[PDB]
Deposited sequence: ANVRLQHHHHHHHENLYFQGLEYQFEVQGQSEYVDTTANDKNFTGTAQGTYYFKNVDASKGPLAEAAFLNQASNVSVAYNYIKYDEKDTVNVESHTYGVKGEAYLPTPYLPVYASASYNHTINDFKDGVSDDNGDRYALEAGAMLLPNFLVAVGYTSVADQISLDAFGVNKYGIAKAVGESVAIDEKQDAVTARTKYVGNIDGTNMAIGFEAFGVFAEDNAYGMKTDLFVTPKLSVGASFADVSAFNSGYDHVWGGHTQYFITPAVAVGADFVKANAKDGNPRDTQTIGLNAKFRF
């Protein structure tokens, strides 16, 4: 079925017009993830599922990136606490750590830093809208360095399987020529085990990115 799973694999291809990008990633959850309590896309977050993840990324037109990530949710007598660590190597070595807390149930705030330098902050929320099968998710991100970059994403879970969303980011300070990024995103779980999706992303200072993705749970 896929409503209880411990692994998720995900693939994604993208074309960037101003070229090719591919990403495969694997996730292992330390505990069974129960996806029947809200939108299926956010089941790991909703059950505070610790895990480790590996990924590979390809860019052609030429560049390969391998990465590993872990997240830890740790209940305490006060608030649930959260830490993350990741590392990426590109053929270029970057890492990130974060610590934070669930200030209210399903609301995560996390601060951290990353380097080869920047402090980061982020928040995540996922709530059911009371009296229906809909839900909403928000994520916001700040990266604070010489200058700052910011971003947000919103997802409308119009049913537990279907989501449509949008995102925005200001990146003048990432030192490509690009100033603003916006996107729309769609995802649908055909079964709790299988989801496919689409992404359309524009950037300016020019550029567009069309993308399809898929994911399998077991």
*Which parts of the deposited sequence have no C-alpha atoms in the model?*
1-18, 37-41, 85-92, 123-133, 159-188, 278-283
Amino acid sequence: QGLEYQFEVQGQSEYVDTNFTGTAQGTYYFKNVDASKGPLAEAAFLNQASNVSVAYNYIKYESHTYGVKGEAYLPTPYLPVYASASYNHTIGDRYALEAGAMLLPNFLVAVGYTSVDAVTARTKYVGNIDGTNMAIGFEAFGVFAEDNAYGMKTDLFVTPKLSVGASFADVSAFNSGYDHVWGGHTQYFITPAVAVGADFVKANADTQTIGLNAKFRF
From here on, numbers count along this sequence of modelled residues.
*Return whichever of 179-187 and 41-49 has the greater mean Cα B factor according to the PDB record.*
179-187
*Between 9-17 and 191-199, point out the one with the higher average CA B-factor as the PDB entry records it.*
9-17
_Selection by C-alpha B-factor (highest) of 120, 106, 133, 86_ = 133
*asked:* Just to confirm, going by the entry's C-alpha B-factors, which of 71, 147, 139, 98 comes out highest?
replied: 147
*asked:* Ranking the modelled residues of this chain by C-alpha B-factor as given in the entry, is residue 34 in the lowest, middle or highest third?
replied: middle
*Third assignment of residue 156 from its chain's C-alpha B-factors*: lowest
*Compared with the other modelled residues in the chain, in which third is the CA B-factor of residue 166?*
lowest
_Ranked C-alpha temperature factor of residue 91 among modelled chain residues, by third_ = highest
*Please place residue 126 in the lowest, middle or highest third of its chain by C-alpha B factor as given in the entry.*
lowest
